[PDB]
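Note on naming: letters A, B, ... go to the chains in the order of the sequence lines (proteins, then strands), and numbering restarts at 1 for each one.
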Amino acid sequence: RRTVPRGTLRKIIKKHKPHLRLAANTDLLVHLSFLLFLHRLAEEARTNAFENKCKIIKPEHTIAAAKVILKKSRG
Amino acid sequence: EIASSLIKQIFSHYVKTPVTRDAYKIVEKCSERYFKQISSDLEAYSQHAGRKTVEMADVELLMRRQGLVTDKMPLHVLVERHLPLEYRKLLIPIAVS
């Protein structure tokens with residue numbers, strides 16, 4: 001289930017910057033940076049949980065992780 | 001405004017271990033924040049190049065700024081590693097290697 005909702009990506013970016021036009025297929029690289037963001041977030045979260053000896057991912061893990069990874073996601 | 005099912009499936013696919021409902025809702029929030037942040041960055045790239053479009057070079061620069069694209073880890077490799085064939089075809093119709 002690796003197929004991306006391209007229209008959706010286009011709409012999200014539209015929502016934030018309605019006058020930005022994405023050229024052909026650039027949405028595919030945007031989606032790629034998103035997958036890499038969630039990959040990083042998944043790894044950071046899992047590490048937090050591991051640090052707690054928590055056998056499942058909890059909100060506090062993802063919260064601290066999101067803070068770290070969003071910082072890493074700056075342009 | 002991205003589908004929560006897709007986000008849960010990708011996220012679980014990467015995290016590989018069970019996640020609470022609330023944790024997932026957090027990941028969704030973080031995802032919305034991610035798109036807001038990058039939207040502003042791509043605007044800077046475009047506006048700076050004096051154009052109204054996002055170009056491949058813009059998003060590559062993004063990913064380079066994120067520590068993702070490096071000399072050791074070029075974009076084509078991230079594409080090959082992480083995207084399905086039909087997408088790679090579009091992005092790399094000829095080897096850029």
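- Among the candidates A:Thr8, A:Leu9, A:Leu20, A:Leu22, the residue making the largest number of heavy-atom pairs closer than 4.5 Å to chain B is A:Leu20.
- Interface summary for chain A: among B:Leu91, B:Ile38, B:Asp58, the most heavy-atom pairs under 4.5 angstrom belong to B:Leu91.
- Neither the backbone nor the side chain of B:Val69 comes within contact range of chain A; no heavy atom of the residue lies under 4.5 Å from a heavy atom of that chain.
- Only the side chain of B:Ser46 comes within contact range of chain A, with heavy atoms under 4.5 Å apart.
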For a side-chain contact (heavy atoms from CB on, under 4.5 Å) check, start with the C-alpha distance between B:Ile7 and A:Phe34, then their side-chain angles and the critical distance, and finish with the verdict. CA-CA 10 Å; B:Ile7 281 188; A:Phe34 180 57; 4.1 Å; yes
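- Between A:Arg2 and B:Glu86, no side-chain nitrogen of the basic residue sits less than 4.0 Å from a carboxylate oxygen of the acidic one, so the salt-bridge criterion is not met.
- For the options A:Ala24, A:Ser33, A:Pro5, heavy-atom pairs under 4.5 Å to chain B are most numerous at A:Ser33.
- For the set A:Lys58, A:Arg74, A:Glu60, the entry with the most heavy-atom pairs within less than 4.5 Å of chain B is A:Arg74.
- B:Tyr34 and A:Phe37 have parallel rings, their planes meeting at less than 30° on a 0 to 90° scale where 60° marks the start of perpendicular.
- For B:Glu1 (side chain) and A:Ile12 (main-chain N/O), no donor-acceptor pair under 3.5 Å exists by modelled atom type.
- Contacts between A:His61 and chain B at a heavy-atom distance below 4.5 Å are absent for every atom of the residue.
- For chain A, no part of B:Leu61 is nearby; none of its heavy atoms comes within less than 4.5 Å.
- Interface residue B:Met56: backbone and side-chain heavy atoms are both found under 4.5 Å from chain A.
- A side chain to side chain contact (heavy atoms under 4.5 Å, CB included) with B:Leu78 is found for one member of A:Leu29, A:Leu35, A:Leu36 and no other, namely A:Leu36.
- In summary, of the residues considered (B:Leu83, B:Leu68, B:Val59), a side chain to side chain contact (heavy atoms under 4.5 Å, CB included) with A:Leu32 occurs for B:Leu83 alone.
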Could you walk me through whether A:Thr3 and B:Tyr87 pass the side-chain contact (heavy atoms from CB on, under 4.5 Å) test, one step at a time? CA-CA 9 Å; A:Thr3 181; B:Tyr87 295 156; 3.4 Å; yes
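- Contacts of A:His19 with chain B are made by backbone atoms alone, with heavy-atom separations under 4.5 Å and no side-chain atom involved.
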